[PDB]
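Analysis of the macromolecular model
Chain by chain, the residues:
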Amino acid sequence: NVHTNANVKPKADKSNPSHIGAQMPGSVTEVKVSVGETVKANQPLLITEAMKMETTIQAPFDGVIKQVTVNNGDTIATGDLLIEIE
Amino acid sequence: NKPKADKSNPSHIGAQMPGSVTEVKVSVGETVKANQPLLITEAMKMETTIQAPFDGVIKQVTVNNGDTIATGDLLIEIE
Amino acid sequence: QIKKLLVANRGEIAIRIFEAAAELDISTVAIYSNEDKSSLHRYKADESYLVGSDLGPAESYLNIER
Amino acid sequence: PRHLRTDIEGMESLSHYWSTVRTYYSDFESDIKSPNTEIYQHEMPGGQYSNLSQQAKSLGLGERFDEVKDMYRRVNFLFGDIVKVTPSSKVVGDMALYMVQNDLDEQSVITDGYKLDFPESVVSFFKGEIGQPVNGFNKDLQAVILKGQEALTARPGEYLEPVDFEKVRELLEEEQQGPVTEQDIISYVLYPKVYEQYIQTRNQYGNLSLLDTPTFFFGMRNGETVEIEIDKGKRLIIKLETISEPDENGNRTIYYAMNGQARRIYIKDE
Amino acid sequence: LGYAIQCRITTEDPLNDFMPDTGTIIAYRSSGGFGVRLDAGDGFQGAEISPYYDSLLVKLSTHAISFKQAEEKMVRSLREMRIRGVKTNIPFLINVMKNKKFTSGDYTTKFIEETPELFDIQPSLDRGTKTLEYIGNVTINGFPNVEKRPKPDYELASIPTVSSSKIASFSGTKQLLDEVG
Amino acid sequence: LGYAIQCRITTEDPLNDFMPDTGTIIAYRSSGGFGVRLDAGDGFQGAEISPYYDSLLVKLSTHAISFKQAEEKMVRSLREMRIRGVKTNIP
Ligand SMILES: O=CCCCC[C@@H]1SC[C@@H]2NC(=O)N[C@@H]21
């Protein structure tokens, strides 16, 4: 790229509990877990920045991380697939 | 990197609502009665027909068919 | 006595039967499971129905009752 | 003592449903977001209010809508204190928009305001074609609108000649070259121009009412799949893969999947 | 073994004296199916069919133990070809196929002139394409007084539903009226 | 009347005890021909492949007067076949 902010992410399937969606616009400030790896309920797995505001998207249940569609400093828009978990 | 028009003074006729000309009714050199339909114009749920103020002869027409107009634009001039 | 015909199956064979049936002027219906959102046979019948957002992907064509 | 007869548990459910659906229409939401008590001064119908916001907007009076309401009140007294509802409201509607467009006021007729080209509706009103108000109009303020014709006095329908439905059937059957219903017939009479355009669009695009609203207003996203229920167990599954750059002919290629089949459609970029 | 029929599909506008029309083929679906050989000529998506050649688009052939079954296959292979951007003889061939006189197999060369009801053709239907166009136009140039933007995100609407039957058991003010005016 | 041959094209990788390779089909060329019957199943353009059905992409069948002619119909229509992005039992 020169800058992977160009990349298009698929949309989270909304009626599917494995897909975490972007609840709002913003930026990936820190990638935190990798593809295929164990996490507990309420674990930080991705720090976003909204409008000079932190918020740390956390895991809904105990999981094996299926996919991660993001790197540090990627653009994100409402309804974007950020993570999958089993 | 469209001439407006003269309110106060001369017998021009200005655009009195902004929209589209749906039909020009009278040609550039022609006689015309007072209150005669001249020009037909369309806004959203609106339609002003334009009419003869005097009772005279038309010098010019500054719109065709399907033309967009703004408020205070010249469309006819009559003496 | 057959005006309308359903195929309890997928893939090549559903297609084949749909064509037989169409050729006898018999109206057709296909079933698909969830994994089969996009098997072609879904699109080759006159009508089509999702079998079960309850049932397993293997299981969805074995549900006698549904 | 008296209660309301209905199902609440169920109306909450209806409510959650329209809460979301309304979302689809936010482009058409009015500027009111508060109860306004100056309503007792305007008297503008609730079901004109947002239809006229739209209208004002389109003639470049968006933002200037508050002055469009001032005039709506002023127009009312101009006319002798009338009832305002469809279509008498529309005439007030138009005379307010019209006067505001033209920095006009009540004195711009009373010995002053002449050759003005009033809207359709408003000349209609003084011609009498909407009716006769309780208290009438003010001759001197009408004269200058219609001069040429005069007021017709009787309710219109008792002199308006009857419409010929025979001739209307031959007309629609001729242009549509097919079978044509009684609905078509009054729909056409009620709305000659608009009905025609509905037909234009229908020949061109089929029955749009089956599209979901979001797709209807916005189309599709690259990689999006859309289901259109066409009947019981009949649907179109449509996938938009990508769109290409406009070829030198101003035409883009859209790569589609429809019902398990690859399809390409060409559209002109305006 | 059994019987076989062949039809040739041509650019020929059967309503315009059978004149070979030309242009770009902007879409093309063949059928397939047992007992059906497709022999593709000019017929396929992308072709520039040319004023200067034989207009055969496809040669279609079917085969079954009975004439009637061969006919049933021809009718269906035809019914299932869609070609757009040019008028075709398909509606005709279908009509040839359903004709009592063709099937009985007692027919002569005068068959076509002696049967006016083979040109009993209706201008074709196309709901599916027409929709792709609408979406195509709105995606690119957008809708009248709607803010030309990405298809905004929407919350997943959960739509409550009651069965027709329960509905049909209900007796409301509508039944009231039908009852007592 | 003559001879007919069938075989099945499976996602089974012969170079792996026949293990039904799974994933997406990103290229598909069905041939056909005279005396060829193609009964398509899991084999088409976009949509991908489930582990949870018996691996059947195309059932491929051929017909001619002698066995020889049928077999050489079959090889040709295998050779003309190009599926991609999953492995196949074709060679
Ligand atoms: O064409 C746009 C919708 C119609 C605008 C006028 C409506 S009709 C009912 C209500 N009463 C009015 O006088 N205006 C609105």
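Its PDB record attributes the structure to X-ray crystallography, giving the resolution as 2.80 Å.

Our focus in this paragraph is helix 6 (residues 173-180) of chain E. Here helix 6 of chain E lies mainly on the outside; zero of its eight residues are buried. The positive-phi residue at the C-terminal boundary of helix 6 of chain E is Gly 181 of chain E, with phi of around 75 degrees.

Turning to the site of the ligand, a few remarks are in order. Taken together, the residues surrounding the ligand are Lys 45 of chain B together with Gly 47, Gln 48, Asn 51, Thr 86, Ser 89 and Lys 90 of chain D. Contacts to the ligand include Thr 86 of chain D, whose side-chain N or O atom sits 2.9 Å from a nitrogen atom. Within the contact set of the ligand, an oxygen atom lies 2.7 Å away from a side-chain nitrogen or oxygen of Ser 89 of chain D. Protein contact buries 68% of the 390 Å² of open area that the ligand shows by itself. According to the grid-proximity analysis, the pocket containing the ligand is the second largest pocket. Among the secondary structure elements, those contributing two or more residues to the shell around the ligand are helix 3 (46-58) and helix 5 (88-101) of chain D.

The next subject is the sheet that holds strand 8 (residues 81-85) of chain A. All names here are of chain A. If you trace the four strands from one edge of the open sheet to the other, you get 1-8-6-3, paired in antiparallel fashion. Each edge of the open sheet carries a strand with a single partner, namely strand 1 (19-21) and strand 3 (38-39). In terms of strand pairing, strand 1 meets strand 8 through three bridges, oriented antiparallel. Bridged to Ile 20 within strand 8 is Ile 83.

Residues and elements named next belong to chain B. If you walk across this open sheet you meet the three strands as 1-6-5, and the pairing is antiparallel. Because the sheet does not close on itself, it has two edges, and the strands there are strand 1 (12-14) and strand 5 (58-61). Ignoring strand direction, the axes of neighbouring strands in this sheet form an average angle of 20 degrees. Relative to strand 6 (residues 74-78), strand 5 runs antiparallel, the two sharing three bridges. In the sheet register, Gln 60 faces strand 6, and the bridge partner there is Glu 77.

This part covers the arrangement of the chains. Taken together, the eight pairs of chains in contact show their highest number of contacts between chains D and E. Regarding chain A and chain C, which are not in contact, the minimum distance between any of their C-alpha atoms is 12 Å. At the C-alpha level, the nearest point of chain B lies 12 Å from chain E, with no contact between them.

On to empty space enclosed by the protein, then. Over the atoms, a rolled probe matching the size of one water molecule traces out where space is still vacant. Residues and elements named next belong to chain D. Taken as a whole, the largest cavity spans an internal volume of roughly 90 Å³. If you go around the largest cavity, you meet 14 residues; those closest to its centre are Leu 78, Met 95, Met 99, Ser 108 and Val 109. Those elements that place two or more of their residues in the lining of the largest cavity are helix 5, helix 6 (107-110) and helix 8 (139-146). When grouped by side-chain class, the residues that make up the lining of the largest cavity number 11 nonpolar, one polar and two charged.

Calculation rules
Residues numbered from 1 in each chain as written, not as in the entry; some residues may be left out. Chains lettered and ligands numbered in written order. Part of a larger assembly, values for the part shown. Heavy atoms only, no water. Buried < 20%, exposed > 50% of the residue type's maximum accessible area, 1.4 Å probe, protein only. Helix = DSSP H or I, 4+ residues; strand = E, 2+ residues; numbered from the N terminus. Near = heavy atom within 4 Å. Polar contact = N/O pair within 3.5 Å; in protein donor to acceptor, adjacent residues only side chain to side chain. Areas by Shrake-Rupley, 256 points an atom, 1.4 Å probe, with all protein chains shown as cover. 1 Å grid on protein atoms, 1.4 Å probe; cavity = no way out; pocket = protein on both sides within 12 Å on 5 of 7 lines; lining within 4 Å. Sits in = over half its atoms within 2 Å of the grid points. Pairing = 2+ DSSP bridges. Axes fitted to C-alpha atoms, helices over the stretch in contact; angles between N-to-C directions. Contact = heavy atoms within 4.5 Å. Points joined across faces, edges and corners; volume = space filled by probe spheres on them. Nonpolar A, V, L, I, M, F, W, Y, C, P; charged D, E, K, R; others polar.

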